[PDB]
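Chemist: Coordinates in upload-v5.cif, mmCIF, C-alpha atoms, are listed below.
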```cif
data_structure
loop_
_atom_site.group_PDB
_atom_site.id
_atom_site.type_symbol
_atom_site.label_atom_id
_atom_site.label_comp_id
_atom_site.auth_asym_id
_atom_site.auth_seq_id
_atom_site.Cartn_x
_atom_site.Cartn_y
_atom_site.Cartn_z
ATOM 1 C CA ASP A 3 2.251 8.839 18.570
ATOM 2 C CA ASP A 4 -0.566 6.830 19.482
ATOM 3 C CA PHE A 5 -4.131 6.404 18.333
ATOM 4 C CA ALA A 6 -6.000 4.827 21.262
ATOM 5 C CA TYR A 7 -7.120 8.355 22.420
ATOM 6 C CA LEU A 8 -8.312 9.477 18.943
ATOM 7 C CA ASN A 9 -9.736 6.006 18.379
ATOM 8 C CA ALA A 10 -12.463 6.135 20.949
ATOM 9 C CA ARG A 11 -13.201 9.678 19.526
ATOM 10 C CA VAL A 12 -12.907 8.262 15.982
ATOM 11 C CA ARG A 13 -14.908 5.077 16.483
ATOM 12 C CA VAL A 14 -17.702 7.539 15.527
ATOM 13 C CA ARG A 15 -16.384 7.125 11.891
ATOM 14 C CA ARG A 16 -15.926 3.401 12.144
ATOM 15 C CA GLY A 17 -19.699 3.183 11.961
ATOM 16 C CA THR A 18 -19.016 3.027 8.207
ATOM 17 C CA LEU A 19 -16.989 -0.179 8.113
ATOM 18 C CA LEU A 20 -18.707 -2.570 5.766
ATOM 19 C CA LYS A 21 -17.702 -6.260 5.685
ATOM 20 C CA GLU A 22 -18.651 -9.090 3.501
ATOM 21 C CA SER A 23 -22.350 -8.502 4.267
ATOM 22 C CA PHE A 24 -22.107 -5.098 2.571
ATOM 23 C CA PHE A 25 -20.368 -6.475 -0.470
ATOM 24 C CA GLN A 26 -23.020 -9.192 -0.789
ATOM 25 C CA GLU A 27 -25.767 -6.531 -1.252
ATOM 26 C CA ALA A 28 -23.597 -4.649 -3.757
ATOM 27 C CA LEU A 29 -22.707 -7.461 -6.125
ATOM 28 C CA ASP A 30 -26.428 -7.866 -6.815
ATOM 29 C CA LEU A 31 -27.230 -4.220 -7.923
ATOM 30 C CA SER A 32 -27.435 -2.616 -11.331
ATOM 31 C CA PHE A 33 -24.996 0.198 -11.816
ATOM 32 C CA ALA A 34 -27.756 2.675 -10.754
ATOM 33 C CA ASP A 35 -28.569 0.648 -7.675
ATOM 34 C CA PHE A 36 -24.870 0.448 -6.634
ATOM 35 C CA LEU A 37 -24.933 4.259 -6.863
ATOM 36 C CA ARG A 38 -27.799 4.240 -4.415
ATOM 37 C CA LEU A 39 -26.279 1.844 -1.924
ATOM 38 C CA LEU A 40 -23.353 4.344 -1.475
ATOM 39 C CA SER A 41 -25.752 7.285 -1.605
ATOM 40 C CA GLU A 42 -27.869 5.904 1.272
ATOM 41 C CA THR A 43 -25.256 7.286 3.749
ATOM 42 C CA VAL A 44 -22.915 10.271 3.839
ATOM 43 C CA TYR A 45 -20.758 9.128 0.863
ATOM 44 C CA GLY A 46 -23.827 9.541 -1.396
ATOM 45 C CA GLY A 47 -22.948 13.225 -1.849
ATOM 46 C CA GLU A 48 -19.405 12.609 -3.024
ATOM 47 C CA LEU A 49 -19.890 10.087 -5.895
ATOM 48 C CA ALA A 50 -20.110 11.770 -9.322
ATOM 49 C CA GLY A 51 -17.888 10.061 -11.949
ATOM 50 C CA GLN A 52 -17.336 6.633 -13.611
ATOM 51 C CA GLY A 53 -13.673 6.200 -14.522
ATOM 52 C CA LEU A 54 -10.523 6.095 -12.320
ATOM 53 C CA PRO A 55 -10.509 9.890 -11.953
ATOM 54 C CA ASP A 56 -14.227 9.731 -10.976
ATOM 55 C CA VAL A 57 -13.903 6.919 -8.429
ATOM 56 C CA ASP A 58 -10.695 8.642 -7.179
ATOM 57 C CA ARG A 59 -12.660 11.864 -6.434
ATOM 58 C CA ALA A 60 -15.098 9.870 -4.325
ATOM 59 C CA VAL A 61 -12.221 8.064 -2.521
ATOM 60 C CA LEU A 62 -9.880 11.151 -2.658
ATOM 61 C CA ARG A 63 -12.234 13.612 -0.993
ATOM 62 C CA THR A 64 -13.037 11.111 1.709
ATOM 63 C CA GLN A 65 -9.619 9.526 2.072
ATOM 64 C CA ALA A 66 -8.073 12.992 2.048
ATOM 65 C CA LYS A 67 -10.080 13.864 5.077
ATOM 66 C CA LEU A 68 -9.506 10.659 7.042
ATOM 67 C CA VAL A 69 -6.136 9.413 5.799
ATOM 68 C CA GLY A 70 -4.541 11.773 3.341
ATOM 69 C CA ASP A 71 -3.960 14.490 5.923
ATOM 70 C CA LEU A 72 -3.559 12.222 8.985
ATOM 71 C CA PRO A 73 0.184 13.106 9.459
ATOM 72 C CA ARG A 74 -0.903 16.509 10.754
ATOM 73 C CA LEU A 75 -3.440 15.001 13.121
ATOM 74 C CA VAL A 76 -1.156 12.860 15.340
ATOM 75 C CA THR A 77 2.130 13.519 17.005
ATOM 76 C CA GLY A 78 5.275 11.529 17.971
ATOM 77 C CA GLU A 79 5.342 7.851 16.933
ATOM 78 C CA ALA A 80 1.737 7.820 15.562
ATOM 79 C CA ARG A 81 2.752 10.738 13.284
ATOM 80 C CA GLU A 82 5.550 8.555 11.867
ATOM 81 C CA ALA A 83 3.098 5.796 11.017
ATOM 82 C CA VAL A 84 0.920 8.089 8.825
ATOM 83 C CA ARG A 85 3.967 10.079 7.695
ATOM 84 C CA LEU A 86 5.339 6.893 6.114
ATOM 85 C CA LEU A 87 2.238 6.380 4.064
ATOM 86 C CA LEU A 88 2.659 9.818 2.502
ATOM 87 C CA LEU A 89 6.334 9.274 1.725
ATOM 88 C CA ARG A 90 5.251 6.198 -0.222
ATOM 89 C CA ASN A 91 2.927 8.425 -2.289
ATOM 90 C CA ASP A 92 5.913 10.555 -3.236
ATOM 91 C CA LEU A 93 7.070 7.324 -4.947
ATOM 92 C CA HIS A 94 3.808 7.124 -6.915
ATOM 93 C CA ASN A 95 4.095 10.679 -8.177
ATOM 94 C CA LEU A 96 7.842 10.298 -8.817
ATOM 95 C CA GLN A 97 7.609 7.042 -10.697
ATOM 96 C CA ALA A 98 4.647 8.405 -12.610
ATOM 97 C CA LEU A 99 6.512 11.736 -13.258
ATOM 98 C CA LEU A 100 9.826 10.083 -14.224
ATOM 99 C CA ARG A 101 8.106 7.970 -16.871
ATOM 100 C CA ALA A 102 6.366 11.025 -18.354
ATOM 101 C CA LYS A 103 9.135 13.484 -17.439
ATOM 102 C CA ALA A 104 11.577 11.581 -19.623
ATOM 103 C CA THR A 105 10.015 13.409 -22.595
ATOM 104 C CA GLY A 106 8.305 16.558 -21.420
ATOM 105 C CA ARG A 107 4.542 15.899 -20.789
ATOM 106 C CA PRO A 108 2.878 18.726 -19.036
ATOM 107 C CA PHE A 109 2.122 18.585 -15.320
ATOM 108 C CA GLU A 110 -1.691 19.101 -15.773
ATOM 109 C CA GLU A 111 -1.920 15.549 -17.004
ATOM 110 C CA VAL A 112 -0.483 13.885 -13.938
ATOM 111 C CA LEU A 113 -2.541 12.754 -10.864
ATOM 112 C CA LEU A 114 -0.905 13.478 -7.554
ATOM 113 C CA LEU A 115 -1.683 11.391 -4.409
ATOM 114 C CA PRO A 116 -1.523 13.066 -1.014
ATOM 115 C CA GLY A 117 1.794 12.224 0.701
ATOM 116 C CA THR A 118 4.504 13.760 2.916
ATOM 117 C CA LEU A 119 4.981 16.736 0.530
ATOM 118 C CA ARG A 120 2.471 19.596 0.113
ATOM 119 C CA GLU A 121 0.577 19.696 -3.195
ATOM 120 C CA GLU A 122 2.897 22.588 -4.099
ATOM 121 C CA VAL A 123 5.978 20.500 -3.484
ATOM 122 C CA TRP A 124 5.200 18.093 -6.421
ATOM 123 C CA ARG A 125 4.487 21.174 -8.592
ATOM 124 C CA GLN A 126 8.025 22.267 -7.724
ATOM 125 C CA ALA A 127 9.602 18.762 -7.502
ATOM 126 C CA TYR A 128 8.758 18.335 -11.200
ATOM 127 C CA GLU A 129 10.130 21.811 -11.867
ATOM 128 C CA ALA A 130 13.646 21.046 -10.722
ATOM 129 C CA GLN A 131 16.122 19.707 -13.219
ATOM 130 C CA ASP A 132 19.039 18.737 -11.086
ATOM 131 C CA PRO A 133 18.882 16.245 -8.182
ATOM 132 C CA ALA A 134 19.209 19.103 -5.682
ATOM 133 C CA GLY A 135 15.903 20.639 -6.867
ATOM 134 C CA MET A 136 14.171 17.200 -6.859
ATOM 135 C CA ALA A 137 15.701 16.453 -3.468
ATOM 136 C CA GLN A 138 15.346 19.911 -1.909
ATOM 137 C CA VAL A 139 11.633 19.741 -2.740
ATOM 138 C CA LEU A 140 11.587 16.475 -0.736
ATOM 139 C CA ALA A 141 13.532 18.064 2.117
ATOM 140 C CA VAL A 142 11.739 21.510 2.341
ATOM 141 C CA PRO A 143 9.365 19.804 4.849
ATOM 142 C CA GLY A 144 12.312 18.924 7.101
ATOM 143 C CA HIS A 145 12.233 15.356 5.729
ATOM 144 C CA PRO A 146 15.450 13.605 7.000
ATOM 145 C CA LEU A 147 15.344 10.925 4.247
ATOM 146 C CA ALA A 148 14.882 13.536 1.463
ATOM 147 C CA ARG A 149 18.333 14.912 2.293
ATOM 148 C CA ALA A 150 19.689 11.422 2.092
ATOM 149 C CA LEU A 151 18.325 10.690 -1.404
ATOM 150 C CA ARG A 152 20.098 13.948 -2.451
ATOM 151 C CA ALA A 153 23.491 12.340 -2.333
ATOM 152 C CA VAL A 154 22.283 9.371 -4.336
ATOM 153 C CA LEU A 155 20.551 11.318 -7.165
ATOM 154 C CA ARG A 156 23.505 13.719 -7.298
ATOM 155 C CA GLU A 157 25.633 10.688 -8.089
ATOM 156 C CA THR A 158 23.383 8.169 -9.750
ATOM 157 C CA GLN A 159 20.060 8.230 -11.595
ATOM 158 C CA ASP A 160 20.231 4.940 -13.537
ATOM 159 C CA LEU A 161 16.719 3.384 -13.584
ATOM 160 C CA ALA A 162 17.608 0.206 -11.561
ATOM 161 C CA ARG A 163 18.894 2.087 -8.549
ATOM 162 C CA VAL A 164 16.215 4.790 -8.688
ATOM 163 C CA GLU A 165 13.443 2.074 -8.736
ATOM 164 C CA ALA A 166 15.286 0.464 -5.761
ATOM 165 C CA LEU A 167 17.170 3.231 -4.013
ATOM 166 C CA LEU A 168 13.919 5.107 -3.477
ATOM 167 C CA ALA A 169 12.231 2.001 -1.984
ATOM 168 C CA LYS A 170 14.913 -0.644 -1.980
ATOM 169 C CA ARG A 171 17.329 1.595 -0.283
ATOM 170 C CA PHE A 172 14.603 3.508 1.611
ATOM 171 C CA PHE A 173 12.781 0.288 2.484
ATOM 172 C CA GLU A 174 15.770 -2.005 2.788
ATOM 173 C CA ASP A 175 16.796 -0.123 5.977
ATOM 174 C CA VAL A 176 13.326 1.318 6.823
ATOM 175 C CA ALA A 177 11.821 -2.213 6.704
ATOM 176 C CA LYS A 178 14.231 -3.777 9.271
ATOM 177 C CA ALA A 179 15.049 -0.374 10.819
ATOM 178 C CA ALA A 180 11.305 0.185 11.463
ATOM 179 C CA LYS A 181 11.516 -2.509 14.175
ATOM 180 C CA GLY A 182 12.731 0.402 16.366
ATOM 181 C CA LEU A 183 9.101 1.155 17.306
ATOM 182 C CA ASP A 184 7.044 -0.408 20.120
ATOM 183 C CA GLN A 185 4.566 -1.898 17.682
ATOM 184 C CA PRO A 186 4.592 -5.670 18.066
ATOM 185 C CA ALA A 187 1.878 -6.070 15.368
ATOM 186 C CA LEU A 188 3.537 -3.691 12.928
ATOM 187 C CA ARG A 189 6.895 -5.452 13.364
ATOM 188 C CA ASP A 190 5.221 -8.661 12.100
ATOM 189 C CA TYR A 191 3.237 -6.891 9.377
ATOM 190 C CA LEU A 192 6.221 -5.023 7.849
ATOM 191 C CA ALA A 193 8.240 -8.239 7.753
ATOM 192 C CA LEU A 194 5.449 -9.787 5.668
ATOM 193 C CA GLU A 195 5.481 -6.734 3.287
ATOM 194 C CA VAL A 196 9.191 -7.307 2.682
ATOM 195 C CA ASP A 197 8.608 -11.060 2.178
ATOM 196 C CA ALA A 198 5.990 -10.216 -0.453
ATOM 197 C CA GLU A 199 8.170 -7.754 -2.341
ATOM 198 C CA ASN A 200 10.906 -10.395 -2.488
ATOM 199 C CA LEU A 201 8.424 -13.140 -3.328
ATOM 200 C CA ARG A 202 6.619 -11.068 -5.998
ATOM 201 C CA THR A 203 9.977 -10.308 -7.689
ATOM 202 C CA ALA A 204 11.216 -13.923 -7.233
ATOM 203 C CA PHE A 205 7.968 -15.466 -8.415
ATOM 204 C CA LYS A 206 7.688 -13.227 -11.479
ATOM 205 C CA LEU A 207 11.133 -14.122 -12.738
ATOM 206 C CA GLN A 208 10.754 -17.851 -12.045
ATOM 207 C CA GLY A 209 12.170 -20.395 -14.529
ATOM 208 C CA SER A 210 15.314 -18.466 -15.599
ATOM 209 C CA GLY A 211 17.882 -20.381 -13.473
ATOM 210 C CA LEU A 212 19.232 -17.580 -11.343
ATOM 211 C CA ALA A 213 21.318 -18.415 -8.280
ATOM 212 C CA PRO A 214 19.594 -15.991 -5.826
ATOM 213 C CA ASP A 215 21.633 -17.288 -2.908
ATOM 214 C CA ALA A 216 23.781 -14.113 -3.174
ATOM 215 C CA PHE A 217 21.049 -11.482 -3.592
ATOM 216 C CA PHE A 218 18.872 -12.517 -0.666
ATOM 217 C CA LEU A 219 17.506 -9.707 1.460
ATOM 218 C CA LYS A 220 16.831 -10.501 5.082
ATOM 219 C CA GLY A 221 14.168 -8.633 7.083
ATOM 220 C CA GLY A 222 11.082 -10.737 6.386
ATOM 221 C CA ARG A 223 8.948 -12.807 8.640
ATOM 222 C CA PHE A 224 8.919 -16.374 7.321
ATOM 223 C CA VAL A 225 10.988 -16.589 4.059
ATOM 224 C CA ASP A 226 14.516 -17.983 3.958
ATOM 225 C CA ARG A 227 17.608 -17.488 1.815
ATOM 226 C CA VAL A 228 18.009 -20.741 -0.117
ATOM 227 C CA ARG A 229 14.242 -21.154 -0.392
ATOM 228 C CA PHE A 230 13.877 -17.683 -1.885
ATOM 229 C CA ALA A 231 16.498 -18.697 -4.562
ATOM 230 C CA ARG A 232 15.017 -22.187 -5.192
ATOM 231 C CA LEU A 233 11.538 -20.757 -5.584
ATOM 232 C CA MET A 234 12.809 -18.241 -8.179
ATOM 233 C CA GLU A 235 14.362 -21.288 -10.031
ATOM 234 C CA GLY A 236 10.851 -22.615 -10.395
ATOM 235 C CA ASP A 237 11.262 -25.395 -7.830
ATOM 236 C CA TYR A 238 7.941 -24.990 -6.002
ATOM 237 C CA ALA A 239 9.256 -27.326 -3.362
ATOM 238 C CA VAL A 240 10.035 -24.157 -1.396
ATOM 239 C CA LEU A 241 6.304 -24.081 -0.670
ATOM 240 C CA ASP A 242 6.616 -27.483 0.953
ATOM 241 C CA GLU A 243 9.504 -26.494 3.266
ATOM 242 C CA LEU A 244 7.819 -23.811 5.368
ATOM 243 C CA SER A 245 7.174 -25.932 8.537
ATOM 244 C CA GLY A 246 7.692 -24.001 11.695
ATOM 245 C CA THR A 247 5.690 -20.831 10.794
ATOM 246 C CA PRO A 248 2.091 -19.768 10.039
ATOM 247 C CA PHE A 249 2.715 -20.567 6.365
ATOM 248 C CA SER A 250 3.515 -24.239 6.937
ATOM 249 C CA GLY A 251 0.079 -25.429 5.802
ATOM 250 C CA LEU A 252 1.106 -24.168 2.355
ATOM 251 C CA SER A 253 3.261 -27.279 2.106
ATOM 252 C CA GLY A 254 2.368 -28.417 -1.418
ATOM 253 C CA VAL A 255 0.432 -25.307 -2.437
ATOM 254 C CA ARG A 256 1.068 -24.509 -6.104
ATOM 255 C CA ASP A 257 -0.050 -21.253 -7.758
ATOM 256 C CA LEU A 258 0.294 -17.582 -7.356
ATOM 257 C CA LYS A 259 -3.399 -16.763 -7.322
ATOM 258 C CA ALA A 260 -3.719 -18.945 -4.270
ATOM 259 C CA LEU A 261 -0.539 -17.447 -2.743
ATOM 260 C CA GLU A 262 -1.694 -13.889 -3.153
ATOM 261 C CA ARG A 263 -5.124 -14.794 -1.747
ATOM 262 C CA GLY A 264 -3.264 -16.339 1.239
ATOM 263 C CA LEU A 265 -1.002 -13.336 1.754
ATOM 264 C CA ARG A 266 -3.798 -10.816 1.733
ATOM 265 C CA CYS A 267 -5.537 -12.800 4.476
ATOM 266 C CA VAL A 268 -2.331 -12.887 6.577
ATOM 267 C CA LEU A 269 -1.912 -9.098 6.391
ATOM 268 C CA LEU A 270 -5.551 -8.533 7.444
ATOM 269 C CA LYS A 271 -5.274 -10.942 10.326
ATOM 270 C CA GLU A 272 -2.082 -9.265 11.488
ATOM 271 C CA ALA A 273 -3.854 -5.788 11.400
ATOM 272 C CA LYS A 274 -6.609 -7.304 13.600
ATOM 273 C CA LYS A 275 -4.269 -8.063 16.512
ATOM 274 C CA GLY A 276 -4.265 -4.433 17.553
ATOM 275 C CA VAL A 277 -7.940 -4.203 18.642
ATOM 276 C CA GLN A 278 -7.110 -4.725 22.322
ATOM 277 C CA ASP A 279 -3.645 -3.022 22.339
ATOM 278 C CA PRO A 280 -3.300 -0.403 25.131
ATOM 279 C CA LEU A 281 -0.376 1.552 23.608
ATOM 280 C CA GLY A 282 0.776 2.241 20.026
ATOM 281 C CA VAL A 283 -0.869 2.221 16.591
ATOM 282 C CA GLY A 284 -2.448 -1.238 17.038
ATOM 283 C CA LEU A 285 -6.151 -0.308 16.794
ATOM 284 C CA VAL A 286 -5.556 2.576 14.282
ATOM 285 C CA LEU A 287 -3.365 0.325 12.110
ATOM 286 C CA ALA A 288 -6.387 -1.968 11.752
ATOM 287 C CA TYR A 289 -8.446 1.092 10.824
ATOM 288 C CA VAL A 290 -6.219 2.387 7.996
ATOM 289 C CA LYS A 291 -5.397 -1.050 6.607
ATOM 290 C CA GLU A 292 -9.025 -2.322 6.710
ATOM 291 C CA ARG A 293 -9.915 0.985 4.920
ATOM 292 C CA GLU A 294 -7.390 0.199 2.130
ATOM 293 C CA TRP A 295 -8.365 -3.365 1.527
ATOM 294 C CA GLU A 296 -11.944 -2.172 1.801
ATOM 295 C CA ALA A 297 -11.326 0.604 -0.815
ATOM 296 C CA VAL A 298 -9.508 -1.736 -3.200
ATOM 297 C CA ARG A 299 -12.449 -4.151 -3.276
ATOM 298 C CA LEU A 300 -15.126 -1.350 -3.152
ATOM 299 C CA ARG A 301 -13.832 0.459 -6.227
ATOM 300 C CA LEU A 302 -13.618 -2.821 -8.108
ATOM 301 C CA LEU A 303 -17.123 -3.881 -7.207
ATOM 302 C CA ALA A 304 -18.539 -0.559 -8.417
ATOM 303 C CA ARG A 305 -17.145 -1.598 -11.829
ATOM 304 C CA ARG A 306 -18.622 -5.070 -11.662
ATOM 305 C CA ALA A 307 -22.058 -3.574 -10.841
ATOM 306 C CA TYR A 308 -21.896 -0.982 -13.627
ATOM 307 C CA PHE A 309 -20.775 -3.327 -16.389
ATOM 308 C CA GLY A 310 -22.472 -6.384 -15.010
ATOM 309 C CA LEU A 311 -19.587 -8.788 -14.310
ATOM 310 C CA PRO A 312 -20.051 -12.282 -12.889
ATOM 311 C CA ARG A 313 -19.345 -12.388 -9.212
ATOM 312 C CA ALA A 314 -17.926 -15.954 -8.698
ATOM 313 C CA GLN A 315 -16.191 -15.644 -12.072
ATOM 314 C CA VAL A 316 -13.527 -13.476 -10.466
ATOM 315 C CA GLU A 317 -13.746 -13.722 -6.704
ATOM 316 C CA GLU A 318 -10.914 -16.204 -6.392
ATOM 317 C CA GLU A 319 -8.482 -13.354 -7.170
ATOM 318 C CA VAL A 320 -10.021 -10.915 -4.578
ATOM 319 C CA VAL A 321 -10.325 -13.058 -1.477
ATOM 320 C CA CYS A 322 -7.807 -14.292 1.041
#
```
Would you kindly transcribe this structure into structure tokens?

Modeler:
Amino acid sequence: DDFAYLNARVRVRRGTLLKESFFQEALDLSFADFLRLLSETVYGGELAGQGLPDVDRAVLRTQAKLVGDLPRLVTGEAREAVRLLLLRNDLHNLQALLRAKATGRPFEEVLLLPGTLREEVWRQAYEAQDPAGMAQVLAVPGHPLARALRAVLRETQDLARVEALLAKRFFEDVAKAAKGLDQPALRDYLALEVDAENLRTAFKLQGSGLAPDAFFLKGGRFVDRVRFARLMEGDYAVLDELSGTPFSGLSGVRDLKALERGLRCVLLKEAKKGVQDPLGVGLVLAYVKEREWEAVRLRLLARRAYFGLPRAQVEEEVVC
């Protein structure tokens, strides 16, 4: 692993990073003009659809070539970084397959995202009835965690553990275990991903009365045990108790839309730290992550341009 060597060779593709100044031209086009903006470069010959499956093809064919296959393009530690992304896509296709699989929908109606398992793995993963088949499919590519999930699915498939054991259990250890890399920026970024998963779950259930002080999961970056519980109780005072971290200024903040806007900005700023890193995924991390957050907002703006949505009517939700 590392990317600094491919980076200087890849910066040739970074010539297509578009920041706010791109998005400002796009918000003002008719749906046909938006189609031109993208067509005025190399992407113009890959756009050819209107719904999710159409936008996906434009993102898929490109992302497939720069991200989807990246695990084969790096070695050592860097290979683990991209390799983890694909393993997370196995969760997409599994969650999506489990929900349909429960009743016998054909495979031809499911979308598969490129991940750690070959396209033919999913076609077989679905095909296996017992947890060995589902797990063996995950392990055929020598995946050391696939073999671990085998023992769990052989013994338990209840929906709560599956939803968690795949990630919870895979990310519970992975998250804090991941600190075993020499990636000072990633160590901080991952901790924030855990904080968000705990916060999103805690926020969503707020107002019930739970005593989360037993179920707290360490591994984050700035979120504490009794605050995590209090916040889930609806006492927003947790947002006023964060002195001593980057989130302290939130003291008094009140509302998810503003939180989520704040969190997205933190994760982007953390990805930016790697621009001058000599070793490790620092600069590449910024490349993949900026491509994500860029894709999220690009695909959405295509829709605003086509249907003619107000720009400031909805930007609060899509900014940090």

Chemist: Contacts of range 291-306 of chain A at 7 Å or less, counting all atoms listed in the file, minus same-chain residues fewer than 6 places along, as a PyMOL selection string?

Modeler: chain A and resi 29+36+57+273

Chemist: Give me the residues near range 308-315 of chain A as a PyMOL selection string, where near means some atom within 12 Å (using all atoms listed in the file) and where sequence neighbours in that chain fewer than 2 positions away do not count.

Modeler: chain A and resi 25-37+51-53+301-306+317-321

Chemist: Would you kindly return, as a PyMOL selection string, each protein, DNA or RNA residue with an atom no farther than 8 Å from any atom of range 100-109 of chain A, considering only C-alpha atoms and excluding same-chain residues fewer than 3 positions away?

Modeler: chain A and resi 96-97+112+125+128

Chemist: Which residue out of A:74, A:263, A:13, A:206 has the minimum interatomic distance to residue 277 in chain A when all atoms listed in the file are used?

Modeler: A:13

Chemist: Could you name the residues that touch range 139-145 of chain A at 7 Å or less, counting all atoms listed in the file, but leaving out those on the same chain fewer than 6 positions away, as a list in words?

Modeler: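 These residues fall inside the cut-off: residues 119, 123, 126 and 127 of chain A.
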
Chemist: Quick one: pull the distance between CA of residue 94 in chain A and CA of residue 121 in chain A, Å, one decimal.

Modeler: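 These two atoms are separated by 13.5 Å.
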
Chemist: Show me, as a PDB file with C-alpha atoms, in the coordinates of the input, the residues that have an atom within 9 Å of residue 189 in chain A when counting only C-alpha atoms, minus same-chain residues fewer than 4 positions from it.

Modeler:
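The result, stored in selection.pdb:
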```pdb
ATOM      1  CA  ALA A 177      11.821  -2.213   6.704  1.00  0.00           C
ATOM      2  CA  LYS A 178      14.231  -3.777   9.271  1.00  0.00           C
ATOM      3  CA  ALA A 180      11.305   0.185  11.463  1.00  0.00           C
ATOM      4  CA  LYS A 181      11.516  -2.509  14.175  1.00  0.00           C
ATOM      5  CA  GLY A 182      12.731   0.402  16.366  1.00  0.00           C
ATOM      6  CA  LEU A 183       9.101   1.155  17.306  1.00  0.00           C
ATOM      7  CA  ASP A 184       7.044  -0.408  20.120  1.00  0.00           C
ATOM      8  CA  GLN A 185       4.566  -1.898  17.682  1.00  0.00           C
ATOM      9  CA  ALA A 193       8.240  -8.239   7.753  1.00  0.00           C
ATOM     10  CA  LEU A 194       5.449  -9.787   5.668  1.00  0.00           C
ATOM     11  CA  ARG A 223       8.948 -12.807   8.640  1.00  0.00           C
TER      12      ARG A 223
END
```

Chemist: If you measure from CA of residue 15 in chain A to CA of residue 118 in chain A, what distance in Å do you get, rounded to one decimal?

Modeler: 23.7 Å

Chemist: For residue 258 in chain A, which residue out of A:169, A:204, A:270, A:147 is the nearest one, using all atoms listed in the file?

Modeler: A:204

Chemist: Evaluate the PyMOL selection byres ((chain A and resi 71) around 10) here and jot the selected residues down as a list in words.

Modeler: residues 65, 66, 67, 68, 69, 70, 72, 73, 74, 75, 76, 84, 85, 88, 116, 117 and 118 of chain A

Chemist: Edge lengths and centre, in Å to one decimal, as lines of an AutoDock Vina configuration file: that's what I need for the box along x, y and z that holds all listed atoms of range 11-27 of chain A plus 4 Å on each side.

Modeler:
```
center_x = -19.3
center_y = 0.2
center_z = 9.1
size_x = 20.9
size_y = 26.9
size_z = 28.8
```
